[PDB]
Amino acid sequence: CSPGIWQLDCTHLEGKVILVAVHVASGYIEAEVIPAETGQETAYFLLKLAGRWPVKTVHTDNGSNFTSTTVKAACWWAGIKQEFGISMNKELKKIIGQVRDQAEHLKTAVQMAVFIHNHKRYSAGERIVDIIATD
């Protein structure tokens, strides 16, 4: 797809919420554990994501994720539109299970699993910077 397209979804694990952003063209992932599955957490996460990468459009598998006033406000300010042109969430949950006993906190296992996914082979982390630099 286009180099500005990202997909955001939440998954549940251990009674906690993991927000997962996937750069669609590359397979590169950012993820965080958030306390509540709310618009404000999504909005804040979008602000962080857009200061780091050139985010043009965002997609989701649960469209009601984006009806927040706060989400719309974050997308407005960062100049993000909704992607209309369109499972690495399962692989990530798989890597988390593989490392989970290595960490006390779930959020630590998540970041270990993001690390492994992005540097596993080129890797998704190498592909994203090549795609963005070329563009």
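Counting begins at 1, following the sequence as shown.
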item: Missing coords for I86 in a third or more of other PDB entries; value: yes
item: Between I86 and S87 - deposited residues without coordinates, as a size class; value: 10 or more
item: Where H12 meets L13 in the shown sequence, the number of deposited residues left unmodelled; value: none
item: Residue stretch of maximal mean CA temperature factor, 97-105 vs 50-58; value: 97-105
item: Selected stretch [higher average CA B-factor]: 13-21 or 109-117; value: 13-21
item: Per the PDB entry, maximal CA B factor within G79, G27, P35, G63; value: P35
item: Among modelled residues of the same chain, the CA temperature factor third for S68; value: highest
item: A43 CA temperature factor, ranked by third within the chain; value: lowest
item: Third of chain Cα B-factors occupied by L92; value: highest
